[PDB]
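Virtual Cβ from ideal backbone geometry, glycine too; neighbours counted across all protein chains shown. FYI, it's all coordinate maths here, none of it is from the lab.
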Amino acid sequence: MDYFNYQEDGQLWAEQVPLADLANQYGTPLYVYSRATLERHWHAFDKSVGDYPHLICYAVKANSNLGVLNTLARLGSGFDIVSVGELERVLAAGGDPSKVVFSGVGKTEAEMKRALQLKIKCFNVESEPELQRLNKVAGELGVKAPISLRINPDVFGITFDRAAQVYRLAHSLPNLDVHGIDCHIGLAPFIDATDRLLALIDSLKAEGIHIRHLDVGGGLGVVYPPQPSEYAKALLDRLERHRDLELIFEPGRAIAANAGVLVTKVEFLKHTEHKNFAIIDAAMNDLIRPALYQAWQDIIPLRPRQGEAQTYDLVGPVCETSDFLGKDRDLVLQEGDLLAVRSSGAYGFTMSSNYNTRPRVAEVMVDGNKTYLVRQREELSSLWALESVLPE
Amino acid sequence: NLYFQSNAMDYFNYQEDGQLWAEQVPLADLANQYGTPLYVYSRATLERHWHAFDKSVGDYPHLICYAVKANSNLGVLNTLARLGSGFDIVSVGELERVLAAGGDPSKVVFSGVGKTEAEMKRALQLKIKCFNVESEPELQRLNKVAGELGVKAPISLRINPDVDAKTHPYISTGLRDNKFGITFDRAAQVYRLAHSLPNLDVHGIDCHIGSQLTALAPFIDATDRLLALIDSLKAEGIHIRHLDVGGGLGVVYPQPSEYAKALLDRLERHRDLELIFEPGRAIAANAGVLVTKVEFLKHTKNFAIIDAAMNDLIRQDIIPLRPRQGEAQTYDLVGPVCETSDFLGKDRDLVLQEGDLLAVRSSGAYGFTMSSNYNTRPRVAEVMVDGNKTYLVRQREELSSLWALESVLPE
Ligand SMILES: [Cl-]
């Protein structure tokens, strides 16, 4: 599943690099990514589709570190971006703009212009007012903007019953070209919505509105010669006759989640009448998923100890009730022990802040037995370098 | 203008021209000059609330230690330092902010359950007022660092309040098993340990007596027991000079809460304990608004897609800078992030047109302090108004700086 495994010496390694070595060299907390894990997951997705025309558009928001993006860009990956910042990251990482699709409900005129100038693949439009703005901007630039409409399955996009009308509007707007349909179908409803979607592509085709690609979003869906999920399998089988509809997938978490761990150190162990607490050095500003959402992430020792385990809540170092990484974890701990939080490669560093004026941590990439720093730990004083006191 | 408008909470109010003003500066002008989204703070609002709190205790020896984490902008901190405020910090970064803002380190208390040796060393070097120690292992670490520097660390122990288990079993169980502090029954023992260590110097007790939702009677008995402990420790040679009661014991708008008054009635007999309060939201919350622009009005349910996202404000009344005449419609205000949790308000009645500017009230605390770059979005500008003057207190981040510390794979 991934390359974070214990080796013969009894400790946890990332590929061929001991995690403890990285903690020593770069300090804690620390995000560590595995190049091989990212590549193995991307290829599983890329190859599961078969010869069917497709494009994997990695969801940049999941993990947008330049090293991570560069890894995927070298494989020829596409990218799904939600801002001009993400588009600039893709370009800095060597990504191909012709393989970029731009999503998001609040795209600005400035963002649309930069994307049009870079000639991205498609704008995934979520509303009629957005469609109007993209038409205005493309006209001002004297170009034609490639679009897809985000549609919602019949049960945040446009409803199925207004889809035809909004597509006809896009078709009548002078500065837009209709290219795709975006439907985040990711089991009975999935299939039912897929048919209604294909029927819509056909009816539009009769009207001279030609959809060339279908974007099915993320939340899929590789079964491991890796095969697609029953969901994807159900779709591919219905697309033999329906061609040459290029299929676009937007995996994020599926590629990046298990490719990263957060290494943290146990500062203090505290005991109450019925509970035990391990105070760790990673806080809500470093990894917010458990606090914000109700995410359960496996927490394991870099060097497991023998003996009777005690049940601990793992809590951060500041002063918040939601400052914790895990609850009710049976572990054998001593102060100073290092832990790894699995599944921290997605929605980990991307959501990190400077809350409590804490510098963001370093991000490191392993590649066999080599280690590359891909994001330096922030220098403390840089946190307020843009600020000013009152002159009074 | 004798009829200059105000409200009980802040200086963000409408005037003769039909628009929302921040003190004597139109919010619309600031949005025009600095862009949106924008955090706008009111100097007079911060001062009003800090003074209301400072005056509530009257003549009794005290220190207000503002909770820096609520809003640690240098301009905000400087406003308070100018009034002689103290500060409660939870990291070395917050300590450095206070120093850069002109604050007095001898009025700084350092809280937090996971202070590092490095943080303790710097805090000791700057001679802060006191370390609010949350566990025995932390007490040992501070003794170690103080021992290495050959100095005496000033300490206060965070002691859970002595709730009576017979009358408040659930609260008692909750307190005793929480991650914060040391249980009341262990207080004397851990104080004796601190007393035995020559590189520690016992100065206080940190007991957040009003933080448990409790009636006046139980609060008072619990307070009496805390005071009796202080006395028993004193007779035993361990001299506590200050009591830090934490946050929440606010003011009723301008006299103190009945809780605050009961406490004061007991402290005023001896008057040998300096009282420390740690307000944060109570000082900063209403001193700020987040100004945001409506991008699109999407109708299905109605959605006003605004330019402020979860990365800007993750936590509130939402009002127009320039109210329109018409029949208000109901909207959910949602940001641009591709997340279901990316919203600022649900079901709000407003008369809107695309491009309109809105102000999100009560955004001065836990607003910018929690802002991130999620979706590679630069953090916004922070401006402070002072009468008719405008001060830029945090520049908007330049987009390319977001990945300046990063690198690609070797070639
Ligand atoms: Cl303890």
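Right, residue B:193: touching a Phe, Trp or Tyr at 6+ places or on another chain (Cβ under 9 Å), hydrophobic (A, V, I, L, M, F, W, C), within 16 Å of the ligand (Cβ to nearest atom) and not in a strand (DSSP E or B) or not? It is false that residue B:193 is touching a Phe, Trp or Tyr at 6+ places or on another chain (Cβ under 9 Å), hydrophobic (A, V, I, L, M, F, W, C), within 16 Å of the ligand (Cβ to nearest atom) and not in a strand (DSSP E or B). Identification of strands (runs of 3 or more DSSP E) wholly contained in region A:286-391 with 2 or more residues that are at the interface with chain B (Cβ under 8 Å from one of its Cβ atoms) yields A:310-315, A:362-367, A:370-375. Listed by first and then second residue, the pairs linking a residue in region B:116-141 that is within 20 Å of residue B:196 (Cβ to Cβ) to a residue that is surrounded by fewer than 17 Cβ atoms within 10 Å (Cβ to Cβ) and of a type outside the set (D, E, K, R), with Cβ atoms under 8 Å apart and 6 or more places separating them unless they lie on different chains, are B:124/B:149; B:124/B:151; B:136/B:193; B:139/B:193.
Only residues that are buried (at least 22 other Cβ atoms within 10 Å of the Cβ) and either within 16 Å of the ligand (Cβ to nearest atom) or facing another protein chain (nearest Cβ under 10 Å) (or both) were counted across region B:159-174, and they come to 2.
Just to be sure before I move on: is residue B:138 over 23 Å from the mean Cα position of the chain (by Cα), within 16 Å of the ligand (Cβ to nearest atom) and part of a helix (DSSP H, G or I) in the structure I sent? Considered against the rule, which asks whether it is over 23 Å from the mean Cα position of the chain (by Cα), within 16 Å of the ligand (Cβ to nearest atom) and part of a helix (DSSP H, G or I), residue B:138 comes out as yes. Of the residues making up region A:175-195, those that are over 23 Å from the mean Cα position of the chain (by Cα) and surrounded by 17 or more Cβ atoms within 10 Å (Cβ to Cβ) number 6.
Considering only residues that are assigned to a helix (DSSP H, G or I) and either within 16 Å of the ligand (Cβ to nearest atom) or touching a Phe, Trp or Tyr at 6+ places or on another chain (Cβ under 6 Å) (or both), look in region A:247-283 and name the one that is nearest to residue A:44 (Cα to Cα). By that ranking, first place goes to A:255. Residues of region B:228-242 that are in a helix (DSSP H, G or I) and crowded, with 16+ Cβ neighbours inside 10 Å: B:229, B:230, B:233.
Only residues that are out of contact with any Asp or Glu (no Cβ under 9 Å at 6 or more places or on another chain) and under 18 Å from residue A:359 (Cα atoms) were counted across region B:373-393, and they come to 0.
Within region A:71-101, the residues that satisfy the criterion of being away from chain B (no Cβ under 11 Å) and buried (at least 21 other Cβ atoms within 10 Å of the Cβ) are A:77, A:78, A:79, A:100, A:101. Check region B:396-410 and report whether any residue there is among the hydroxyl-bearing types (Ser, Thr, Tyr), at the interface with chain A (Cβ under 9 Å from one of its Cβ atoms) and within 18 Å of residue B:290 (Cα to Cα). Looking through region B:396-410, none of the residues is among the hydroxyl-bearing types (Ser, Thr, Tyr), at the interface with chain A (Cβ under 9 Å from one of its Cβ atoms) and within 18 Å of residue B:290 (Cα to Cα).
Scanning region A:102-123 for residues that are under 17 Å from the mean Cα position of the chain (by Cα) and either more than 9 Å from every other protein chain (Cβ to nearest Cβ) or assigned to a helix (DSSP H, G or I) (or both) returns a single hit, A:102.
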